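Q: One structure coming up, written as structure tokens, with questions to follow.
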Amino acid sequence: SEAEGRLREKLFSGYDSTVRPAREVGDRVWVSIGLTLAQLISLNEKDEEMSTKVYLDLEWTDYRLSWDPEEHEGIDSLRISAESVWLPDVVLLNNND
Amino acid sequence: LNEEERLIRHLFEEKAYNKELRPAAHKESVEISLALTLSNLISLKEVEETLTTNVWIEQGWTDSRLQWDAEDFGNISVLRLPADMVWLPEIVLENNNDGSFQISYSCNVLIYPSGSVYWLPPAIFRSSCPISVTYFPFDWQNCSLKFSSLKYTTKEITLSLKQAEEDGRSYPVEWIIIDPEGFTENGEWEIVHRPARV
Amino acid sequence: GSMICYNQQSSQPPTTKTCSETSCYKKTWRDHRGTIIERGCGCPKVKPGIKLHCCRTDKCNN
Amino acid sequence: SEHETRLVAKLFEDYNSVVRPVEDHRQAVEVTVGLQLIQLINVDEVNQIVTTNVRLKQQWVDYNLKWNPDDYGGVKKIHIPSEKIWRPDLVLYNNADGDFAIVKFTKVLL
Amino acid sequence: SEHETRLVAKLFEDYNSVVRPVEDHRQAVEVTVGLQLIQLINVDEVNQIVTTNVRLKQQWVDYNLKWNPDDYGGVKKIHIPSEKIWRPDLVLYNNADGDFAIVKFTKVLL
Amino acid sequence: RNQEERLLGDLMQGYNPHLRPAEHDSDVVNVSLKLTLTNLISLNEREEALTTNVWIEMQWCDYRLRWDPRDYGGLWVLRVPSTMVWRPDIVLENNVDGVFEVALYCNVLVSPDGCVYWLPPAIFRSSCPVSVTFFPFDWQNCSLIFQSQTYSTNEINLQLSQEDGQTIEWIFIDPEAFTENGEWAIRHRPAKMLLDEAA
Amino acid sequence: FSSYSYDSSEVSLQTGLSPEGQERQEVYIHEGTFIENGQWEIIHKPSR
Ligand SMILES: *[C@@H]1O[C@H](CO)[C@@H](O[C@@H]2O[C@H](CO)[C@@H](O)[C@H](O)[C@H]2NC(C)=O)[C@H](O)[C@H]1NC(C)=O
Ligand SMILES: *[C@@H]1O[C@H](CO)[C@@H](O)[C@H](O)[C@H]1NC(C)=O
């Protein structure tokens, strides 16, 4: 969609994906983390390791990626590649491998 | 090279192709046709509960930006492009148990003057097949390969089976394709049914 | 004793050869790309899933 | 030296790796394929897999990578990264569980 | 984050990550190294290999990554990718069959 | 860093790392090679694979990386990423797992005369045909064959390293730092340079 | 699960609310498509 392209170029003009979104200095980014267990693969006792397949569920707010839908032909949602936006650096801390 | 390079420069530089955008209106869904060819069945590891397959997945979809009239480019009727240059539905095996969601070899797409895009990536997949041990070693197993897009929803793409033709009448390919001449049967597993569903 | 068989592939222009056997065969199957037809001499043993038609007449495999 | 640098600068000024390297799109690319078997690593009878070490020699002609040696100090052969050029997409069709295509992109002799 | 975006653009506009971060080339880079042992994974007595999970804390001063917080809204601390700055090439000399150096390039606190 | 950055900027002007250094035609780039073995990890007999930890010392000279120290504040050495310089593509030919190359691409050390020092570490799994007649009282003759993947003998002259007056015709082993393998003792460790005359 | 680099003054974590919401404290398992492990039964699956 052409309007989708113009919206994407507007949002990512001057957008740095390595910078945490904080409009003021001292502002926190509230990240909400959930998990869905697709499959409990194994619990290897000799390695003391649980193998799971999961879907994370990460929700936050980036103030730089807001727009007026009526100025862009009613587009109210976008699907943007994760490398193009700022992600929280959420990792599994107790990984065994 | 002349007409091939001219057509590439017309489609991707003059027209300013954007691979990040879907080939559809914002409220419209892109129809992806899927078929599967089972090249060979490697193994079903019972203890590790894992099916290993070599499968060539055939993806078809119309991209209205990647179209041309053949008479303005020396009657060229087909073009081979890298898969990294075009928009892809990004079909993955959701049923994997080793984390290898994606296809193995990202080959070229074939585009045609109608805007149709054909892509036949081969893949080696390790999926979770739960094992029923009740009648072992006279048992039969029911494994599945579940293909979907984690990047797009039903509003963005629409999955469907491939439609083939016989004697001018179309039919959906409701099965896994196995080439009878080239297929080598697995050493311990015979295939009884090969259905395909949406 | 000899015979004339066809041996062209699929929908290629027809060709013929001399079979010393007593049958000529047509062999049809379908891979992911389309249908292949193989014509030749004799009555070979085919893998399961392949259509086979053996016939004992001159120019009988088409 | 400066002549090899000048040559590589000119050869890859208006080059397209996607285009088949022939003058006219109606003629095919002629590729010569040879297989060298270095070692038979293993034959596995259960999963029916033969793993071997090979060299896959491929020879063709790129129409757009010609030069006159007299205009470059007499250089007749150079070495180029294979990622920069068009290549045939040779695949092992009966691959079992390995790599379908070449993944080690060594240099080409041009 | 406009202040931090401005700062990050200013800091890496004339930055070269190859040479050491020292105002004069005759002074050494002072690096503080600490090792944190999270988990002792395995002791392989046959191959004589110890597998451990570690965190390798490295601290040092970069001469060209300084700023005055008053010109950037009071920003005093930031997180930047480690791949775009000079780093020490700390190698485990007695590496048996693992990785000789750090392969996971997490964020630098600046 | 100002002198270091100045030197790097002046050196990398017009430098192509994919082109072999030759100032005149028919020049052959001399490459001296040394191998240090830090630990023999294993010899898997069923795969016929010798797993070793090695440090390979490669020395060559690049006329394009020459400079005068007095023009750069007396700078006498420069550490450059190994990707940015031209390299002799030396690989272990007889590898059994498909890994031809070194494990870590560290920095090279360029000197004012243009002579480049490179010491990358490597994990190598090499093919060792196991003679099984006297197993488990056997001894094996494993080989590590190093050669250029792309260049010929008219382009590089690959030779053994020379220390003060003496050619190092052996695998070097640190007497102090070496821990002996638990199942294998190294009796001989020679090195040779082979060039078939009719090749 | 935690942010590897950012501290509490920069990124604050909270438990993921499901479509049920109501301040959930549980791992979500979709009961239709979840095939139970043949060796293991999930007794409790909380989140904190
Ligand atoms: C490159 O290496 C070769 C040896 O492989 C060197 O050749 C000999 O060097 C000695 C000592 O300098 C001379 O006495 C011999 O006359 C050389 N023999 C040849 C073949 O000419 C050669 O000098 C090296 N080149 C450079 C530039 O160091
Ligand atoms: C292509 O084929 C058509 C056949 O009618 C012909 O008229 C035309 O001149 C050919 N060439 C081009 C460039 O269209």
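Residues are named by chain letter and number: chains run A, B, ... in the order of the structure tokens, numbers start at 1 in each chain, and ligands are numbered from 1 in the order shown.
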For the reference chain E, what are the coordinates of chain D after least-squares fitting (all Cα, in-order pairing), as a compact mmCIF listing (two decimals) with N, CA, C and O atoms, in the first residue's frame?
A:
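And here is the file that came out, out-v1.txt:
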# COMPACT_ATOMS: atom_id res chain seq x y z
N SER D 1 11.75 13.30 22.53
CA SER D 1 13.04 13.35 23.28
C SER D 1 14.09 14.10 22.47
O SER D 1 14.44 15.24 22.80
N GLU D 2 14.62 13.43 21.44
CA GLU D 2 15.56 13.96 20.44
C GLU D 2 16.97 14.18 20.99
O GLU D 2 17.92 14.28 20.20
N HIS D 3 17.17 14.11 22.31
CA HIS D 3 18.50 14.43 22.84
C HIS D 3 19.40 13.21 22.83
O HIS D 3 20.58 13.32 22.51
N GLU D 4 18.86 12.03 23.15
CA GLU D 4 19.64 10.81 23.02
C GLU D 4 19.99 10.55 21.56
O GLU D 4 21.11 10.13 21.25
N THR D 5 19.04 10.79 20.65
CA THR D 5 19.31 10.62 19.23
C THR D 5 20.39 11.59 18.77
O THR D 5 21.32 11.19 18.06
N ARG D 6 20.30 12.86 19.18
CA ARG D 6 21.33 13.83 18.83
C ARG D 6 22.69 13.43 19.39
O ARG D 6 23.72 13.55 18.71
N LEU D 7 22.71 12.93 20.63
CA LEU D 7 23.96 12.52 21.25
C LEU D 7 24.60 11.37 20.49
O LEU D 7 25.80 11.42 20.17
N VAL D 8 23.83 10.33 20.18
CA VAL D 8 24.40 9.20 19.45
C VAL D 8 24.81 9.62 18.05
O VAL D 8 25.79 9.10 17.50
N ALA D 9 24.09 10.57 17.44
CA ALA D 9 24.50 11.08 16.14
C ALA D 9 25.86 11.76 16.22
O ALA D 9 26.71 11.57 15.34
N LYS D 10 26.10 12.56 17.27
CA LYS D 10 27.38 13.25 17.38
C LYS D 10 28.51 12.32 17.77
O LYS D 10 29.62 12.45 17.24
N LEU D 11 28.27 11.38 18.69
CA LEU D 11 29.36 10.54 19.19
C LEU D 11 29.97 9.67 18.10
O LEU D 11 31.17 9.39 18.14
N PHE D 12 29.17 9.25 17.12
CA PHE D 12 29.59 8.33 16.07
C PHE D 12 29.56 9.00 14.70
O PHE D 12 29.16 8.41 13.70
N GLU D 13 30.00 10.26 14.65
CA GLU D 13 30.17 10.99 13.40
C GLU D 13 31.56 10.81 12.82
O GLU D 13 31.70 10.60 11.61
N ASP D 14 32.59 10.88 13.65
CA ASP D 14 33.99 10.74 13.24
C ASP D 14 34.68 9.70 14.11
O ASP D 14 35.87 9.81 14.45
N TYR D 15 33.95 8.65 14.49
CA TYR D 15 34.48 7.61 15.35
C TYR D 15 35.17 6.53 14.53
O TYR D 15 34.74 6.21 13.42
N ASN D 16 36.25 5.98 15.08
CA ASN D 16 37.00 4.88 14.47
C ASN D 16 37.13 3.77 15.50
O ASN D 16 37.81 3.93 16.52
N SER D 17 36.48 2.63 15.23
CA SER D 17 36.55 1.49 16.13
C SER D 17 37.91 0.80 16.11
O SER D 17 38.22 0.04 17.03
N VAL D 18 38.71 1.03 15.07
CA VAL D 18 40.01 0.36 14.97
C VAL D 18 41.04 1.04 15.86
O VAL D 18 41.94 0.39 16.39
N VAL D 19 40.92 2.36 16.03
CA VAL D 19 41.90 3.11 16.80
C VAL D 19 41.71 2.85 18.28
O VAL D 19 40.58 2.81 18.79
N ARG D 20 42.82 2.66 18.99
CA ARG D 20 42.76 2.53 20.44
C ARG D 20 42.24 3.85 21.02
O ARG D 20 42.74 4.92 20.65
N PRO D 21 41.26 3.82 21.94
CA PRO D 21 40.61 5.08 22.33
C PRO D 21 41.35 5.82 23.44
O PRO D 21 40.92 5.86 24.60
N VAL D 22 42.49 6.40 23.09
CA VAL D 22 43.25 7.27 23.98
C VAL D 22 43.64 8.52 23.20
O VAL D 22 43.69 8.52 21.96
N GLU D 23 43.91 9.60 23.93
CA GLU D 23 44.28 10.86 23.30
C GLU D 23 45.58 10.73 22.52
O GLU D 23 45.68 11.19 21.38
N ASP D 24 46.58 10.11 23.13
CA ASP D 24 47.92 9.99 22.56
C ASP D 24 48.22 8.51 22.35
O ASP D 24 47.88 7.68 23.19
N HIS D 25 48.84 8.18 21.22
CA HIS D 25 49.10 6.78 20.91
C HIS D 25 50.18 6.16 21.80
O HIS D 25 50.33 4.94 21.78
N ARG D 26 50.91 6.96 22.57
CA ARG D 26 51.98 6.45 23.41
C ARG D 26 51.51 5.99 24.79
O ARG D 26 52.31 5.38 25.52
N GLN D 27 50.26 6.25 25.17
CA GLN D 27 49.71 5.78 26.43
C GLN D 27 48.82 4.57 26.17
O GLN D 27 48.17 4.46 25.13
N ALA D 28 48.80 3.66 27.14
CA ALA D 28 48.06 2.42 27.01
C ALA D 28 46.61 2.59 27.44
O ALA D 28 46.26 3.53 28.17
N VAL D 29 45.77 1.68 26.98
CA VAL D 29 44.37 1.62 27.39
C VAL D 29 44.30 0.85 28.70
O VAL D 29 44.85 -0.25 28.81
N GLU D 30 43.63 1.43 29.69
CA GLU D 30 43.46 0.80 31.00
C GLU D 30 42.15 0.02 30.99
O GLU D 30 41.07 0.61 30.88
N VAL D 31 42.25 -1.30 31.11
CA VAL D 31 41.10 -2.20 31.11
C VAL D 31 41.08 -2.94 32.45
O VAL D 31 42.10 -3.46 32.89
N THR D 32 39.92 -2.94 33.09
CA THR D 32 39.68 -3.71 34.30
C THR D 32 38.86 -4.93 33.92
O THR D 32 37.79 -4.79 33.31
N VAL D 33 39.36 -6.12 34.26
CA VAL D 33 38.76 -7.39 33.86
C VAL D 33 38.32 -8.12 35.11
O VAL D 33 39.12 -8.31 36.04
N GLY D 34 37.05 -8.52 35.15
CA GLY D 34 36.54 -9.35 36.22
C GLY D 34 35.78 -10.52 35.64
O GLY D 34 35.17 -10.44 34.58
N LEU D 35 35.83 -11.63 36.37
CA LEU D 35 35.23 -12.89 35.96
C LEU D 35 34.16 -13.27 36.97
O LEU D 35 34.44 -13.31 38.18
N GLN D 36 32.95 -13.55 36.49
CA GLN D 36 31.86 -14.06 37.31
C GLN D 36 31.53 -15.46 36.82
O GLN D 36 31.21 -15.63 35.64
N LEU D 37 31.61 -16.44 37.71
CA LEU D 37 31.33 -17.83 37.37
C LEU D 37 29.88 -18.13 37.75
O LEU D 37 29.54 -18.15 38.93
N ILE D 38 29.04 -18.35 36.74
CA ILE D 38 27.62 -18.59 36.97
C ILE D 38 27.35 -20.06 37.26
O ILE D 38 26.60 -20.39 38.18
N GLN D 39 27.95 -20.96 36.48
CA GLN D 39 27.70 -22.39 36.64
C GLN D 39 28.89 -23.18 36.12
O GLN D 39 29.44 -22.86 35.07
N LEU D 40 29.28 -24.21 36.87
CA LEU D 40 30.26 -25.19 36.42
C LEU D 40 29.51 -26.27 35.66
O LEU D 40 28.90 -27.16 36.26
N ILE D 41 29.54 -26.19 34.33
CA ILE D 41 28.70 -27.07 33.52
C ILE D 41 29.20 -28.50 33.57
O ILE D 41 28.43 -29.43 33.82
N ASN D 42 30.49 -28.72 33.33
CA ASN D 42 30.99 -30.09 33.33
C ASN D 42 32.51 -30.12 33.43
O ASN D 42 33.20 -29.21 32.95
N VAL D 43 33.01 -31.16 34.08
CA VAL D 43 34.43 -31.49 34.13
C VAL D 43 34.59 -32.84 33.45
O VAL D 43 34.04 -33.85 33.92
N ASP D 44 35.33 -32.87 32.34
CA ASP D 44 35.52 -34.07 31.53
C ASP D 44 36.98 -34.48 31.67
O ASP D 44 37.88 -33.76 31.22
N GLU D 45 37.20 -35.65 32.27
CA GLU D 45 38.54 -36.08 32.66
C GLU D 45 39.30 -36.74 31.52
O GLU D 45 40.54 -36.74 31.55
N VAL D 46 38.61 -37.28 30.52
CA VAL D 46 39.29 -37.98 29.44
C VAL D 46 40.02 -36.98 28.55
O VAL D 46 41.25 -37.03 28.41
N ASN D 47 39.28 -36.06 27.94
CA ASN D 47 39.87 -35.02 27.12
C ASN D 47 40.37 -33.83 27.93
O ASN D 47 40.92 -32.89 27.35
N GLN D 48 40.18 -33.84 29.26
CA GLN D 48 40.75 -32.84 30.15
C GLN D 48 40.20 -31.45 29.85
O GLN D 48 40.94 -30.49 29.63
N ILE D 49 38.87 -31.34 29.85
CA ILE D 49 38.17 -30.12 29.46
C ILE D 49 37.18 -29.75 30.56
O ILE D 49 36.38 -30.58 30.98
N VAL D 50 37.24 -28.50 31.00
CA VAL D 50 36.27 -27.94 31.94
C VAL D 50 35.44 -26.92 31.19
O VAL D 50 35.98 -25.95 30.65
N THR D 51 34.12 -27.14 31.15
CA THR D 51 33.19 -26.21 30.51
C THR D 51 32.40 -25.50 31.60
O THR D 51 31.80 -26.14 32.47
N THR D 52 32.42 -24.16 31.54
CA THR D 52 31.79 -23.30 32.53
C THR D 52 31.01 -22.19 31.83
O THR D 52 31.32 -21.80 30.70
N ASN D 53 30.00 -21.69 32.53
CA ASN D 53 29.25 -20.51 32.12
C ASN D 53 29.76 -19.31 32.91
O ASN D 53 29.84 -19.36 34.14
N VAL D 54 30.12 -18.23 32.19
CA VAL D 54 30.77 -17.08 32.81
C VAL D 54 30.20 -15.79 32.26
O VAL D 54 29.62 -15.74 31.17
N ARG D 55 30.37 -14.73 33.04
CA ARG D 55 30.20 -13.35 32.61
C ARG D 55 31.56 -12.67 32.71
O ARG D 55 32.20 -12.74 33.77
N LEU D 56 31.99 -12.02 31.63
CA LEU D 56 33.34 -11.44 31.56
C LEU D 56 33.24 -9.92 31.57
O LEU D 56 33.26 -9.27 30.52
N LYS D 57 33.20 -9.34 32.77
CA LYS D 57 33.02 -7.90 32.92
C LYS D 57 34.30 -7.17 32.54
O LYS D 57 35.38 -7.49 33.05
N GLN D 58 34.18 -6.20 31.64
CA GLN D 58 35.30 -5.42 31.15
C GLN D 58 34.95 -3.95 31.26
O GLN D 58 33.90 -3.52 30.76
N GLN D 59 35.82 -3.18 31.92
CA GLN D 59 35.60 -1.75 32.12
C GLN D 59 36.79 -0.98 31.57
O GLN D 59 37.94 -1.30 31.89
N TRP D 60 36.52 0.02 30.74
CA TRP D 60 37.59 0.91 30.29
C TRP D 60 37.00 2.29 30.04
O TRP D 60 35.84 2.55 30.37
N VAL D 61 37.82 3.19 29.52
CA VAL D 61 37.41 4.57 29.24
C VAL D 61 37.73 4.87 27.79
O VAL D 61 38.89 4.74 27.36
N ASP D 62 36.72 5.28 27.03
CA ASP D 62 36.89 5.72 25.66
C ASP D 62 37.03 7.24 25.65
O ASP D 62 36.10 7.95 26.04
N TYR D 63 38.18 7.73 25.20
CA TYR D 63 38.44 9.16 25.23
C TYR D 63 37.49 9.93 24.30
O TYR D 63 37.15 11.08 24.59
N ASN D 64 37.07 9.31 23.20
CA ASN D 64 36.29 10.00 22.18
C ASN D 64 34.79 9.91 22.39
O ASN D 64 34.04 10.42 21.56
N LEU D 65 34.33 9.28 23.47
CA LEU D 65 32.91 9.09 23.76
C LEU D 65 32.51 9.84 25.02
O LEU D 65 31.78 9.32 25.87
N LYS D 66 32.99 11.07 25.16
CA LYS D 66 32.64 11.96 26.25
C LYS D 66 31.63 13.00 25.76
O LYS D 66 31.62 13.38 24.59
N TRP D 67 30.77 13.45 26.67
CA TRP D 67 29.86 14.54 26.37
C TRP D 67 29.53 15.28 27.65
O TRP D 67 29.69 14.76 28.76
N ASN D 68 29.09 16.53 27.49
CA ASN D 68 28.58 17.32 28.60
C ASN D 68 27.09 17.06 28.75
O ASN D 68 26.33 17.33 27.80
N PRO D 69 26.60 16.52 29.88
CA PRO D 69 25.16 16.24 29.98
C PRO D 69 24.28 17.47 29.87
O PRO D 69 23.12 17.33 29.46
N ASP D 70 24.77 18.66 30.22
CA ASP D 70 23.95 19.85 30.14
C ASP D 70 23.61 20.23 28.70
O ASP D 70 22.62 20.94 28.48
N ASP D 71 24.39 19.77 27.73
CA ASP D 71 24.12 20.04 26.32
C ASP D 71 23.19 19.00 25.69
O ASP D 71 22.95 19.08 24.48
N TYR D 72 22.69 18.03 26.46
CA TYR D 72 21.84 16.97 25.92
C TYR D 72 20.69 16.66 26.87
O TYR D 72 20.24 15.51 26.94
N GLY D 73 20.19 17.65 27.59
CA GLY D 73 19.05 17.43 28.46
C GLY D 73 19.35 16.64 29.70
O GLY D 73 18.43 16.10 30.32
N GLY D 74 20.62 16.54 30.10
CA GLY D 74 20.98 15.88 31.34
C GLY D 74 21.13 14.38 31.27
O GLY D 74 21.18 13.74 32.32
N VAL D 75 21.20 13.80 30.07
CA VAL D 75 21.42 12.36 29.96
C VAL D 75 22.85 12.06 30.38
O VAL D 75 23.80 12.69 29.90
N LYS D 76 23.00 11.10 31.30
CA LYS D 76 24.29 10.75 31.88
C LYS D 76 24.80 9.39 31.45
O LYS D 76 26.01 9.18 31.41
N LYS D 77 23.90 8.47 31.13
CA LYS D 77 24.30 7.11 30.71
C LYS D 77 23.47 6.72 29.50
O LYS D 77 22.32 7.17 29.43
N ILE D 78 24.04 5.96 28.58
CA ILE D 78 23.34 5.42 27.43
C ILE D 78 23.80 3.99 27.20
O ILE D 78 24.75 3.51 27.82
N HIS D 79 23.09 3.30 26.31
CA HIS D 79 23.40 1.93 25.91
C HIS D 79 23.73 1.91 24.43
O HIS D 79 22.98 2.45 23.61
N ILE D 80 24.86 1.28 24.09
CA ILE D 80 25.39 1.29 22.73
C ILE D 80 25.64 -0.15 22.29
O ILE D 80 26.05 -0.97 23.12
N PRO D 81 25.41 -0.53 21.03
CA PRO D 81 25.88 -1.85 20.59
C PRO D 81 27.39 -1.96 20.66
O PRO D 81 28.11 -1.05 20.24
N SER D 82 27.87 -3.09 21.17
CA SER D 82 29.31 -3.28 21.34
C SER D 82 30.05 -3.39 20.02
O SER D 82 31.26 -3.12 19.99
N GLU D 83 29.37 -3.76 18.93
CA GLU D 83 30.03 -3.86 17.64
C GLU D 83 30.47 -2.50 17.10
O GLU D 83 31.38 -2.46 16.26
N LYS D 84 29.87 -1.41 17.56
CA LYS D 84 30.17 -0.09 17.01
C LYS D 84 31.46 0.51 17.54
O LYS D 84 31.97 1.46 16.94
N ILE D 85 32.01 -0.01 18.64
CA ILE D 85 33.09 0.63 19.37
C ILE D 85 34.33 -0.26 19.36
O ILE D 85 34.28 -1.44 19.04
N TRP D 86 35.46 0.35 19.73
CA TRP D 86 36.66 -0.41 20.04
C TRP D 86 36.43 -1.25 21.29
O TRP D 86 35.79 -0.79 22.25
N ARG D 87 36.95 -2.47 21.28
CA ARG D 87 36.89 -3.38 22.41
C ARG D 87 38.26 -4.00 22.63
O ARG D 87 39.04 -4.12 21.68
N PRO D 88 38.58 -4.41 23.85
CA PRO D 88 39.73 -5.31 24.02
C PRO D 88 39.43 -6.68 23.44
O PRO D 88 38.29 -7.16 23.49
N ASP D 89 40.46 -7.31 22.89
CA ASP D 89 40.32 -8.62 22.25
C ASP D 89 40.73 -9.71 23.24
O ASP D 89 41.68 -10.46 23.04
N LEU D 90 39.97 -9.78 24.34
CA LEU D 90 40.24 -10.78 25.36
C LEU D 90 40.01 -12.17 24.80
O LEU D 90 38.97 -12.43 24.17
N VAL D 91 40.97 -13.06 25.01
CA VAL D 91 40.92 -14.44 24.55
C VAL D 91 41.29 -15.35 25.70
O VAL D 91 42.19 -15.02 26.50
N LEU D 92 40.57 -16.47 25.81
CA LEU D 92 40.94 -17.58 26.69
C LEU D 92 42.13 -18.31 26.07
O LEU D 92 41.97 -19.04 25.09
N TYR D 93 43.31 -18.12 26.65
CA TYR D 93 44.52 -18.66 26.04
C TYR D 93 44.55 -20.18 26.11
O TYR D 93 45.01 -20.84 25.17
N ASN D 94 44.07 -20.76 27.21
CA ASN D 94 44.03 -22.21 27.40
C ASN D 94 42.68 -22.80 26.99
O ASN D 94 42.24 -23.79 27.57
N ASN D 95 42.02 -22.20 26.00
CA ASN D 95 40.79 -22.76 25.46
C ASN D 95 41.07 -24.11 24.83
O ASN D 95 42.07 -24.29 24.13
N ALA D 96 40.18 -25.07 25.07
CA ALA D 96 40.36 -26.44 24.59
C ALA D 96 39.67 -26.68 23.25
O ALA D 96 40.34 -26.92 22.24
N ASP D 97 38.33 -26.60 23.23
CA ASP D 97 37.57 -26.85 22.01
C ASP D 97 36.38 -25.90 21.86
O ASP D 97 35.50 -26.15 21.03
N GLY D 98 36.34 -24.82 22.63
CA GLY D 98 35.24 -23.86 22.59
C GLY D 98 35.59 -22.63 21.79
O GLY D 98 36.34 -22.69 20.81
N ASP D 99 35.05 -21.49 22.22
CA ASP D 99 35.27 -20.22 21.56
C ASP D 99 36.46 -19.52 22.19
O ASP D 99 36.58 -19.48 23.42
N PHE D 100 37.34 -18.98 21.35
CA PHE D 100 38.53 -18.30 21.87
C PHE D 100 38.17 -16.95 22.48
O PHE D 100 38.64 -16.60 23.56
N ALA D 101 37.32 -16.18 21.80
CA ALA D 101 36.94 -14.83 22.19
C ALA D 101 35.45 -14.77 22.48
O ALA D 101 34.72 -15.76 22.37
N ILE D 102 34.99 -13.57 22.85
CA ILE D 102 33.56 -13.33 23.03
C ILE D 102 32.88 -13.32 21.67
O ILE D 102 33.32 -12.64 20.74
N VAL D 103 31.80 -14.09 21.56
CA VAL D 103 30.97 -14.11 20.36
C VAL D 103 29.61 -13.47 20.57
O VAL D 103 29.01 -12.99 19.60
N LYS D 104 29.10 -13.43 21.80
CA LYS D 104 27.84 -12.78 22.12
C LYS D 104 28.13 -11.31 22.39
O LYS D 104 28.57 -10.94 23.48
N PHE D 105 27.86 -10.46 21.40
CA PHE D 105 28.17 -9.03 21.48
C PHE D 105 26.96 -8.30 22.02
O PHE D 105 26.14 -7.77 21.28
N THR D 106 26.85 -8.26 23.35
CA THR D 106 25.77 -7.56 24.02
C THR D 106 26.06 -6.06 24.02
O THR D 106 27.08 -5.61 23.49
N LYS D 107 25.18 -5.28 24.62
CA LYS D 107 25.30 -3.83 24.63
C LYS D 107 26.20 -3.37 25.77
O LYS D 107 26.30 -4.01 26.81
N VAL D 108 26.87 -2.24 25.54
CA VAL D 108 27.72 -1.59 26.54
C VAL D 108 26.95 -0.46 27.19
O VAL D 108 26.14 0.22 26.54
N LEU D 109 27.24 -0.24 28.47
CA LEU D 109 26.76 0.92 29.21
C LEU D 109 27.85 1.98 29.16
O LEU D 109 28.98 1.73 29.58
N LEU D 110 27.50 3.16 28.65
CA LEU D 110 28.45 4.24 28.43
C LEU D 110 28.04 5.46 29.24
O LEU D 110 26.91 5.94 29.11
Q: Find the spatial neighbours of residue 40 (chain G), counting only C-alpha atoms, within a cut-off of 9 Å - ignore same-chain residues fewer than 3 positions away - and output them as a list in words.
A: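 My reading of the contact set: residues 40, 42 and 43 of chain A; 36 and 37 of chain G.
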Q: Dump the neighbourhood of ligand 1 as a ChimeraX atom specification: all residues within 7 Å, distances computed on only C-alpha atoms and all ligand atoms.
A: /F:30,157,159
Q: Export N, CA and C atoms of the chosen residues as a CSV table (one decimal), in the first residue's frame?
A:
chain,number,residue,atom,x,y,z
F,30,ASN,N,56.1,-13.8,-0.6
F,30,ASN,CA,56.7,-14.8,0.3
F,30,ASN,C,55.8,-14.8,1.6
F,157,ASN,N,54.8,-17.6,-2.4
F,157,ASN,CA,55.8,-18.6,-2.1
F,157,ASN,C,55.6,-19.0,-0.6
F,159,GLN,N,56.4,-20.9,2.6
F,159,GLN,CA,57.6,-21.6,3.1
F,159,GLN,C,57.5,-21.7,4.6
Q: Using only C-alpha atoms, which of G:4, G:41, G:35, G:46 sits nearest chain B?
A: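 Looking at the shortest contact to chain B, the residue is G:35.
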Q: Hey, which residues sit close to ligand 2? Say within 9 Å, counting only C-alpha atoms and all ligand atoms, and write them as a PyMOL selection string.
A: chain B and resi 69-76
Q: Extract the full set of alpha helix (DSSP H) residues from chain B according to DSSP on the backbone, and format it as a PyMOL selection string.
A: chain B and resi 2-9
Q: Could you please take those selected residues and save N, CA and C atoms as an mmCIF file, in the first residue's frame?
A:
data_model
loop_
_atom_site.group_PDB
_atom_site.id
_atom_site.type_symbol
_atom_site.label_atom_id
_atom_site.label_comp_id
_atom_site.auth_asym_id
_atom_site.auth_seq_id
_atom_site.Cartn_x
_atom_site.Cartn_y
_atom_site.Cartn_z
ATOM 1 N N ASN B 2 20.549 -7.822 -22.074
ATOM 2 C CA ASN B 2 20.002 -6.493 -22.338
ATOM 3 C C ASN B 2 18.565 -6.371 -21.848
ATOM 4 N N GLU B 3 17.693 -7.284 -22.273
ATOM 5 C CA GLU B 3 16.300 -7.207 -21.849
ATOM 6 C C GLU B 3 16.126 -7.630 -20.400
ATOM 7 N N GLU B 4 16.933 -8.578 -19.924
ATOM 8 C CA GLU B 4 16.853 -8.986 -18.524
ATOM 9 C C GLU B 4 17.231 -7.831 -17.602
ATOM 10 N N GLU B 5 18.357 -7.173 -17.893
ATOM 11 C CA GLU B 5 18.790 -6.038 -17.085
ATOM 12 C C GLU B 5 17.825 -4.868 -17.222
ATOM 13 N N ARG B 6 17.304 -4.643 -18.432
ATOM 14 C CA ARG B 6 16.319 -3.586 -18.628
ATOM 15 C C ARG B 6 15.072 -3.835 -17.792
ATOM 16 N N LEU B 7 14.593 -5.079 -17.765
ATOM 17 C CA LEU B 7 13.398 -5.396 -16.994
ATOM 18 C C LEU B 7 13.652 -5.264 -15.499
ATOM 19 N N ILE B 8 14.827 -5.688 -15.027
ATOM 20 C CA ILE B 8 15.127 -5.541 -13.605
ATOM 21 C C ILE B 8 15.184 -4.066 -13.225
ATOM 22 N N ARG B 9 15.778 -3.255 -14.095
ATOM 23 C CA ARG B 9 15.933 -1.805 -13.844
ATOM 24 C C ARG B 9 14.567 -1.135 -13.934
#
